[PDB]
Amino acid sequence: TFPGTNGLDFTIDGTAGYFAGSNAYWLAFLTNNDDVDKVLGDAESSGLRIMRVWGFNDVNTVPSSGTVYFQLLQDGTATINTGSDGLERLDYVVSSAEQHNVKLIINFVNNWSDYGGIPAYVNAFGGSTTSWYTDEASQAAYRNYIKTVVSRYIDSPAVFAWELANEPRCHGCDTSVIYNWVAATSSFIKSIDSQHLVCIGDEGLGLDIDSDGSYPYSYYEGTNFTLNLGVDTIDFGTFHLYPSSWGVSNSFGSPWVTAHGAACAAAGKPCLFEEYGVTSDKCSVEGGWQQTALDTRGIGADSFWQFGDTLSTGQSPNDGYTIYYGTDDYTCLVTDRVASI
């Protein structure tokens, strides 16, 4: 039975529960299978049921030999890499997730320039980071890429959800730009695969319910959380949380979770608290957020940003948010936490 929803709860194998997960954006960019297995086994033994990974890796020129990439976007043409240093790495991750009782969230483009993103489509096809949503050349490539990836794992019970993008924004755009794109893209996915969950991947910006007046609740980044969540072909909401990056205090975080949970409840769909992080005082600050998420109606799961581990190639990436397996912060925010759910 694939992961699903039942009212405000998520389900895995047909059973409802609150699920803890993490993010490991880089998992399908490794080239060592043993390291993939270590990460997913460490997640599994720690009680992480969901892992969110990048399902994209867009380049404007072919990288060095040995470097993983999933799509070359160059001079008006897309070329998808299905070889051993292309989407076969994502294949191994899905296989390993099936062997390790981990369900994956797999997304299809970045908002940001990291690993190409909407900027790499602009470089290849023209336009701008706001026009992208409605530009024919970009959207055709994007959809073809989506169909290419979805078709690889259409029958896998290890896919939690297909996710449109990482943190899509449309700065200054009418909120209908993203809304129509969400509706069209999610309907496209459901036309290919009627059975897996689909979500957006946005940060949750643009929310009137329980607003504190601060900028994250405004609609000027192009997203309207309640509007988009009403799309029939989206199964659950996503929101992220970075107070200092956003110009707000950490005290905004728990109320941000409360406000999104209320919005999810109103929509009749679960919310995934899909990224959150601070770079210091993690146990205390993130622990507070985690408790709010467990206590809030409509929050069905959460996944901290980000998982860390020791790989054969060295420590996995440290962006200051990384919580490494075997450390005290990992005990606080993962192993203790999951055991107590």
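Position 1 is the first residue in the sequence shown; the rest follow in order.
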property: Of 86 to 94 and 244 to 252, the stretch whose C-alpha atoms average the higher B-factor in the entry; result: 244 to 252
property: Residue stretch of maximal mean CA temperature factor, 133 to 141 vs 110 to 118; result: 133 to 141
property: Out of 45, 306, 291, 57, residue topping the C-alpha B-factor column of the entry; result: 291
property: Deposited CA B-factor, highest of 198, 266, 271, 178; result: 266
property: Residue 193 - Cα temperature factor, lowest/middle/highest third of chain; result: highest
property: Assigned third (lowest, middle, highest) for the C-alpha B factor of residue 212; result: highest
property: Among modelled residues of the same chain, the CA temperature factor third for residue 74; result: highest
property: Third assignment of residue 314 from its chain's C-alpha B-factors; result: highest
property: Modelled-residue ranking by C-alpha temperature factor, third containing residue 52; result: lowest
